[PDB]
Amino acid sequence: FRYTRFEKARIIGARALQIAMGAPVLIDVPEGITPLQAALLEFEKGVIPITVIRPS
Amino acid sequence: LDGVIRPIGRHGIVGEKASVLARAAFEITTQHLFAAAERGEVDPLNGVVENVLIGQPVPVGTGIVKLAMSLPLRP
Amino acid sequence: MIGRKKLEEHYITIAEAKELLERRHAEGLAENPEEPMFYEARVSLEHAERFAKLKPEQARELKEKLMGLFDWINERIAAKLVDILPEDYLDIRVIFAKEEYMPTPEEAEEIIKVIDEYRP
Amino acid sequence: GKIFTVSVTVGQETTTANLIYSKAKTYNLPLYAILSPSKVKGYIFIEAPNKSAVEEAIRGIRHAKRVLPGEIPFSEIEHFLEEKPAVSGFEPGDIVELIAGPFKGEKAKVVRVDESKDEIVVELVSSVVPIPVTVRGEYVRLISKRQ
Amino acid sequence: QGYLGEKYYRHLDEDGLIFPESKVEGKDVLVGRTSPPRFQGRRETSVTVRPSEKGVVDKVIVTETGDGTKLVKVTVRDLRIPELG
Amino acid sequence: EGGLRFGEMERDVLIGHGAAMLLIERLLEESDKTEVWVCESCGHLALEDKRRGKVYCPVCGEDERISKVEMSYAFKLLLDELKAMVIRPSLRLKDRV
Amino acid sequence: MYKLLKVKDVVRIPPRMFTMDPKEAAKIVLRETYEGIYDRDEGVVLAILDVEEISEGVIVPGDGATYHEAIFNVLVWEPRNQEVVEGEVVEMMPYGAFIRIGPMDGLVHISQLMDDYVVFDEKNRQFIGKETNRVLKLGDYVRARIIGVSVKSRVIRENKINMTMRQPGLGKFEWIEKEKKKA
Amino acid sequence: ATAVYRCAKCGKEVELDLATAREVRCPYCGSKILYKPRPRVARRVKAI
Amino acid sequence: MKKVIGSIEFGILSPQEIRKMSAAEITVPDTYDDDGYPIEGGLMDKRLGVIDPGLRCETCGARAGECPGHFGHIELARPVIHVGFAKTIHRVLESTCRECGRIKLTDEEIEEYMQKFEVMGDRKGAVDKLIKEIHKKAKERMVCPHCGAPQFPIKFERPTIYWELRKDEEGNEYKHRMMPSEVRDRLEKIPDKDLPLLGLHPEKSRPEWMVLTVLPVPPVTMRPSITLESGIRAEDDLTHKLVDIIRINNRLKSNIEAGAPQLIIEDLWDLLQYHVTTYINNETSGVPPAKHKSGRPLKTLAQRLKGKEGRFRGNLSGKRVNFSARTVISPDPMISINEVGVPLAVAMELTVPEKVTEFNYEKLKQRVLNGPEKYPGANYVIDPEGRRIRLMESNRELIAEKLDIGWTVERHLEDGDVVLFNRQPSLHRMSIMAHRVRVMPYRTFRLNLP
DNA sequence: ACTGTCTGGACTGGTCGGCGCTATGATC
DNA sequence: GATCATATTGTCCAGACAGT
Ligand SMILES: [Zn+2]
Ligand SMILES: [Zn+2]
Ligand SMILES: [Zn+2]
Ligand SMILES: [Zn+2]
């Protein structure tokens, strides 16, 4: 299983929107980054909770 | 697509588009809209340009991605 | 319209509603602000505890007895009967005057001494 | 004598008719008759042997636009030259609109109508309290016939 | 109403005209003009510098138009030292 | 102090990039975002009275089934133009989920 | 009339409630959303008891909140036409008397309170019968059936309830007992 | 609110009140165009 | 909750719907009086909306800038053929009998065409082909299959003139002008079951609605009025067209109520028809376009919708956006391909709205404490409830002390921020890319050479 | 069934800057 | 003098249509 570019962008956008209005970060933060960077590090650490629904 | 050669203009692919707003936005806006009013056509807004005109997300790229979330997040 | 669709609809009685409102009051007491509910829910709980004629389990038993006794009545009729708790023909008549059926004196009497069982 | 229509500027049909009369008097025109009813706005009628005389008589006046090609039958304008009060045909209980007067641009309902005093009595529909007022019969226009 | 700000009229004289050789910035008032109200207090219709433009007021000319009304033309100069772009 | 035009070509290349939410933010959320009241019974634009404090559909009634829809003000102007051109657009509302 | 309903609905949980249990968060959202309002086909939404089943969340575009398909129990109150109910008079003013029967307050007309020209006493807010000589005071249990419900607004207070009381067999509990004694 | 102005052609000082001016012109030569004189308040200009 | 437009259904507005949607009735062909106030019953009536800031709308009670506008209706003295449907009307006039009103097809043919319509599906081309075939088949029948009444050919003259080729008792062939009232009466006789054969919806596209009896005047907001620099209000072209329409309609009503002869009534009817046709579309072929007093032709709703400058292209498909800058580009090999040179003046103007969280609270607090005149700073602060406050010198420290989790800070453009970089014309999707902000104190943009 | 003719529509996008216009012949 | 109703009704390509 692999993540497409559109799916990854949607996941990062949803995670950043969640972080902006709540949703505390599941990993450490560099104390000053934007929520988009927080979502990027969450994706890089493989800790994101958001899945992708695919038709079948 | 329909078994005959069609152009890309108002008399071709755009002409047989199922969306009223897609046909009206490109060419012959007045007569296309009036003919749609005559026929009582229903626009399902399944295209891209109609969602652009309205404000709904387009059905291409990230607009087709569906996401699921597990609520009990415990960091 | 509450929600997208309704699955089950039941005509609940006064006693069970009072129990549910007491549970909501306990939940609000567990909630940090001192106000459990709004004005309408608190006033409803006060009215229910003022008109708490029967215990919730006694009300449930009476309602199920009414439901199993006859067939033309519904949950609303049984709930209204257990709410009023009739004793004679007058209140039964003023309840069923505008209803679809004006019950005969025999079935009215049988409803009456079904009702007055374990009646406070 | 055939009746033709001359279109003129609204509100000054009488002035154009007087100008045409003066032109006919001082220019020897074969004009037979000129009519300008007050109810008809922006047009006048000319009884002339032919339309050519009509367009020649109205020529040179900037307030006369054109002459309609058709010919008006005399039965159409027969009712115009008839002695009849403006209050005739108005029955109480209907709704009228007041053209002029202090109540300009107001809808009302007719209560009393008389032809001897050339006046009519109307109650304002927008008034919360019913207060009848009197207004000239020619100052109202029927909008819906009802009893 | 319509008062842009206290500091925007700091370069104006008592006649509502800007003094020459005065440094100006964006939205700075050059000619103080008041208009009669539509259909209240007098409106504000002062001529101001463009928001993205600045410079120094080079000259002020007072004259009349063809109808005899007053006309004030303010020429403002800005030094353009060459730079990137 | 005018804005910068995001023309048809810019929208086309944003579609080609596959950026749906970026296009939504550019064309809608930053230019003419607005909210309207729509009647679910007939699709007409409902009227909201601040004095009465209530939202209702004048062509239809329906004081209950009225929903708030977020859309561009240009789309509302287009709907008004269509109504002025004796064309009735009926907005069939759908749930977001 | 009190009612218990099982309602399936989409509940929106904001990201600030992610750390909490999904059932508790859905219950909190439903309580802050639906409680205290009036529904045309349901009545006075009184309380949300619990949430039985919840589903996996779905994130819609343009919103970080999570939407869950949840089934829950709602306790509501629906006034019915020609329905009898017992209450207590809580407010009296000359044109009519207000009685509490539940979440709403029913209005009983002074003309139609009894088949007698009952006078309102402004000294102590009392109702005095001219011929029957029956005194109506605050805190008296009464029974009446409803004839008019106004559902023109979604606010409970703005809704109006009018009942009927001139029919025999209604009124105060003492009045009903006295009528039963004659029969 | 009267003020002094400089004529465009003759250059002599012209005195008039713009608030209540029925007509603004230089009476000395009839010129209808006037220049606002530069104020004597010291201004500071950065050298390049 | 929130709802989205799942689908749009199109149709023809019925006169009853126009009357119900109208908040006012317009009869005065004027906009403002001498003092500038709106005239009651006019086009600028407060019941249709408010543009001037002082006024308050009568229908909804809202001030200017928030009132959506409300439509009005004008009761025409005589029906007027809609030009956009006019040719289509002629098609119906060539398909339905003049007496019975049914289509000129047999019952078996009608049933077969119904099966053909049901079978093919939803492709537009097949529907248009079937409609054209049905119209061609019905237009060549001079005898009604249901009533047997004779039929006459109908000649369509552009834009809204209909001629019926009739025969006198002597066999001479002449042309009778079909008035819009007669056309509407003929269209009213067509039942709902024959409408799908003509390509009309029984409940949405009734043919009688194709002839205008009530004219929907647009809201004030959609045709706004502005005040020029000379103090004279500048009316819109649509406002002038509606003024002319109202004046002609009032003259026609006055002449009808006065018992004017037929020459008057048809002439005023033709004038009103021309005015309504120009109001629907001023570029209609065969008629002179409506012109202003200065000789400038007006653009009506059709020109507002169509064209490069129209609503569809100039306002809907493409529109001006906020938070955008534009300036000259200069080379900068010292930056990466991922980076764009953003000037300090541009960076301090364009603001990124960043929500205050537990990890960026100190940075956003420092941005607020810097202010709009110090880089890196902030320009606006939005509370969780939703009130936006502009940061000045006075409240710069007060807002910073009031900053908490959930607040939004519109901070200046910082290094590493993602922005779009587009050059026009955008021939391909590679004509815009997302770069990283690099802030330099010069004035021009800087883009890497590759 | 072919053939020339009449009618209708579109004519790349964006930006900087300016110029200039949007009443009048009767009436008291 | 200060107001006021009215103020006219360039080429090329493609689809539909009388004519032979
Ligand atoms: Zn509706
Ligand atoms: Zn001089
Ligand atoms: Zn309004
Ligand atoms: Zn027939």
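Every chain is numbered from 1 and lettered A, B, ... according to where its sequence line falls, protein lines coming before strand lines.
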Over all strands shown, is B:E27 touching base, sugar-phosphate only, or nothing at heavy-atom distances under 4.0 angstrom? sugar-phosphate
Ion pair check, B:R6 and B:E16, cut-off under 4.0 Å: no
So if I take every side-chain heavy atom of I:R326 and compare against J:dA10, K:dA7, J:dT15, which nucleotide ends up nearest? J:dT15
Nearest nucleotide by nearest heavy atom, which residue falls closer to the 5' end of DNA chain J, E:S52 or I:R296? E:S52
How far, in whole Å, is K:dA7 from J:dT24 if one measures between their P atoms? 16 Å
Taking the side chain of F:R5 as its heavy atoms from C-beta onward, which of J:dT15, J:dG18, K:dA7 lies nearest to it? J:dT15
Spacing between I:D244 atom CG and K:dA5 atom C1', to the nearest angstrom: 13 Å
Of D:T9 and I:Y274, the one whose nearest nucleotide on DNA chain K sits closer to the 5' end is D:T9
Tell me whether the bases of K:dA7 and K:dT6 count as stacked, where stacked means ring centres under 5.5 Å and an interplanar angle below 30 degrees. yes
Remember a base hit wins even if backbone is also touched, and classify D:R62 as base, sugar-phosphate or nothing at under 4.0 Å, heavy atoms. nothing
Does the pair J:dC11/J:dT12 satisfy a centre-to-centre distance of less than 5.5 Å between six-membered base rings together with a plane angle of less than 30°? no
Answer with base, sugar-phosphate or nothing: what part of the nucleic acid does B:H11 contact at a heavy-atom distance below 4.0 Å? sugar-phosphate
Just read off the sign of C1'-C2'-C3'-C4' for J:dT7 and name the pucker, north if positive, south if negative. south
Of the listed nucleotides (K:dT9, J:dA10, J:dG14), which one gets closest to any side-chain atom of B:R10? J:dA10
Searching all strands shown, indicate the nucleotide that pairs with J:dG9 (Watson-Crick or G-U wobble; both distances under 3.5 Å). K:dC12
Residue mapping more 5' on DNA chain K - nearest nucleotide basis, I:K132 or I:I248: I:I248
Picking from J:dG8, J:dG13, J:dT15, the nucleotide nearest the side-chain atoms of I:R320 would be J:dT15
Quick check for you: among J:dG8, K:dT9, J:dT15, whose closest atom lies nearest to any side-chain atom of I:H275? K:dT9
Any strand counts, and the cut-off is 3.5 Å on both contacts for Watson-Crick or G-U wobble. Which nucleotide pairs with K:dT6? J:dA23
Using a 4.0 Å heavy-atom cut-off, does I:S285 contact any base of the nucleic acid, only the sugar-phosphate backbone, or nothing at all? sugar-phosphate
The sugar of J:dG14: north or south, by the sign of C1'-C2'-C3'-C4'? north
D:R66, nearest nucleotide to its side chain (from K:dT6, J:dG25, K:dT9): K:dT9
May I ask you to say what B:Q31 touches in the nucleic acid, namely base, sugar-phosphate or nothing, with a heavy-atom cut-off under 4.0 Å? sugar-phosphate
Indicate the ring-plane relationship of E:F39 and I:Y37, choosing parallel, tilted or perpendicular according to the 30° and 60° boundaries. perpendicular
Face-on cation placement of I:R177 at I:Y162 ring, 6.0 Å and 45° thresholds: no
Please report the distance, rounded to the nearest Å, between CG in I:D237 and P in J:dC21. 18 Å
Give the rounded distance in Å between these two atoms: CD1 of I:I39 and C1' of K:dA5. 11 Å
Considering every strand and a 4.0 Å limit on heavy-atom distances, what is the contact class for I:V28: base, sugar-phosphate, or nothing? nothing
Which value, in whole Å, describes the distance between the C1' atoms of nucleotides J:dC21 and K:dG10? 28 Å
With side chains defined as the heavy atoms from C-beta onward, is the minimum distance between I:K155 and I:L165 less than 4.5 Å? yes
Taking all atoms of both residues into account, what is the closest heavy-atom pair of I:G84 and B:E38, and its distance? O-OE2, 3.7 Å
Side chain of I:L228 - closest among J:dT22, K:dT9, K:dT6: J:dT22
Classify D:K41 by what it touches in the nucleic acid, base, sugar-phosphate, or nothing, heavy-atom distance under 4.0 Å. nothing
Side chain of I:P425 - closest among K:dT9, K:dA7, J:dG13: J:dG13
Between I:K175 and I:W163, is NZ or CZ placed under 6.0 angstrom from the six-membered ring centre and within 45° of the ring axis? yes
Once the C1'-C2'-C3'-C4' torsion sign is read, positive north and negative south, the sugar of J:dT22 turns out north
Return the value, rounded to whole Å, for the distance between atom NE2 of D:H63 and atom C1' of K:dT8. 14 Å
What is the separation between atom NE2 on I:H292 and atom P on K:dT8, rounded to the nearest whole Å? 11 Å
Determine the sugar pucker of J:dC19: a positive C1'-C2'-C3'-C4' angle counts as north, a negative one as south. south
Consider the side chain of I:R247, meaning its heavy atoms from C-beta on, and name the nucleotide among J:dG13, K:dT6, K:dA14 that approaches it most closely. K:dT6
Indicate whether OP1 or OP2 belonging to K:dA16 is found under 4.0 Å from a side-chain N or O atom of I:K139. no
Please report the distance, rounded to the nearest Å, between CD1 in I:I245 and P in K:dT9. 13 Å
Quick check: on DNA chain J, is the nucleotide nearest I:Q424 upstream (toward 5') of the one nearest I:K293, or the reverse? Name the residue that is more 5'. I:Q424
Does a salt bridge link I:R233 with I:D52, judged by any charged N lying under 4.0 Å from a carboxylate O? yes
When you check the phosphate oxygens OP1 and OP2 of J:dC11, does a side-chain N or O of I:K308 lie under 4.0 Å from one of them? no
Could you measure the distance from the NE2 atom of B:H32 to the NZ atom of B:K17? Nearest 0.5 Å is fine. 11.0 Å
Is the shortest distance from a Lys or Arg side-chain nitrogen in I:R296 or I:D237 to a carboxylate oxygen in the other one below 4.0 Å? yes
K:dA7, K:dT9, J:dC11: which one has an atom nearest the side-chain heavy atoms of I:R251? K:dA7
Counting the atoms with a prime plus P, OP1 and OP2 as sugar-phosphate, which does I:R313 contact under 4.0 Å by heavy atoms, base, sugar-phosphate, or nothing? sugar-phosphate
For atom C1', what is the distance between J:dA23 and K:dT8, given to the nearest Å? 16 Å
Starting at CD1 of I:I161 and ending at P of K:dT9, how long is that distance when rounded to a whole Å? 16 Å
Whole-Å distance, I:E283 CD to J:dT7 P, equals 18 Å
Classified through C1'-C2'-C3'-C4' with positive north and negative south, J:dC6 counts as south
